[PDB]
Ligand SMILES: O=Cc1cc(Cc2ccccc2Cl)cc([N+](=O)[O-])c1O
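Have a look below at one chain only, the form solved without the ligand, in structure tokens format.
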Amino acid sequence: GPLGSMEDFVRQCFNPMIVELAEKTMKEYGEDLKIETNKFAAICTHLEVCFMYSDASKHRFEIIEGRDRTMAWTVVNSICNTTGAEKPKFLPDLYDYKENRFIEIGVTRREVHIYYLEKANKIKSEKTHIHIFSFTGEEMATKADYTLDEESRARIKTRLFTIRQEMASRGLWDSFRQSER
């Protein structure tokens, strides 16, 4: 019953652009992706989920995730200067053009209401919509408003499902699940 390397899995079941954005993301904090390999996969995963979330409806969302902080804040500032909206204190992951609000996407290996509540306490602003996903098909969103339809979110959760089980087949899942706090 062999145990695999998380880094290899990350470089084998994730798209090279995703991986590059993850590497850049960790580098911008100086973190080494060889000490924090579960964080590497968590970031690749979160990235992919945000991207799929935007892909579910083209021309509806603006992506903030994966950008430089300078540029991401530039986009946020532009949007808010266009709408007059409150500049959130923390960088959100998306902007919904249809409901005209910012979205924070969270992905958790733990219970979704816990992650949701921790996000809610952390981000201060009650104007930023929150959407949390798990690797087990569970999701938790603000005001029971899930933005996307069932098929799209099922697409996302199916991808997550795949990630989790492909992790499992390499023995990576237990440590990855345990690593969160």
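So that there is no doubt, residue numbering starts at 1 and follows the sequence shown. Heads up, when I say rigid core I mean the largest set of C-alphas that superpose within 1.5 Å between the two forms.
- In summary, of the stretches 29-37 and 47-55, 29-37 shows the greater Cα distance from the shown form in 8 other deposited structures of this protein, with structures fitted on the rigid core.
- Farther on average from this form in 8 other deposited structures of this protein lies stretch 116-124, the comparison being between 152-160 and 116-124 by RMS Cα distance after core superposition.
- Between 153-161 and 10-18, the higher mean Cα B-factor belongs to 10-18.
- When 29-37 is weighed against 131-139, 29-37 comes out higher, by mean CA B-factor as recorded in the entry.
- Comparing the C-alpha B-factors of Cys44, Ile114, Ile64, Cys50 in the entry, the top value falls on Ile114.
- Among the modelled residues of the chain, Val75 sits in the middle third by CA temperature factor in this PDB entry.
- Sorting the modelled residues of the chain by their CA temperature factor places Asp96 in the lowest third.
- In this PDB entry, the Cα temperature factor of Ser57 sits in the middle third of its chain's modelled residues.
Although it is not shown, the form solved in complex with the ligand is what the next lines describe.
- The partner is absent here, but in the deposited bound form a heavy atom of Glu65, alone among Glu48, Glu65, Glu139, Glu62, sits within 4.5 Å of the ligand.
- Of the candidates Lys58, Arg69, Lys143, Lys34, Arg69 is the one whose heavy atoms come within 4.5 Å of the ligand in the deposited bound form; the others do not.
- Put simply, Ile156 is far from the ligand in the deposited bound form: not one heavy atom of it is within 4.5 Å.
- The ligand is not shown here, but in the deposited bound form it comes within 4.5 Å of a heavy atom of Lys119.
- Not displayed here, the ligand is approached by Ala42 to within 4.5 Å at the level of heavy atoms in the deposited bound form.
- Contacts between stretch 77-95 and the ligand, counted in the deposited bound form as any heavy atom lying within 4.5 Å, involve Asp93 alone.
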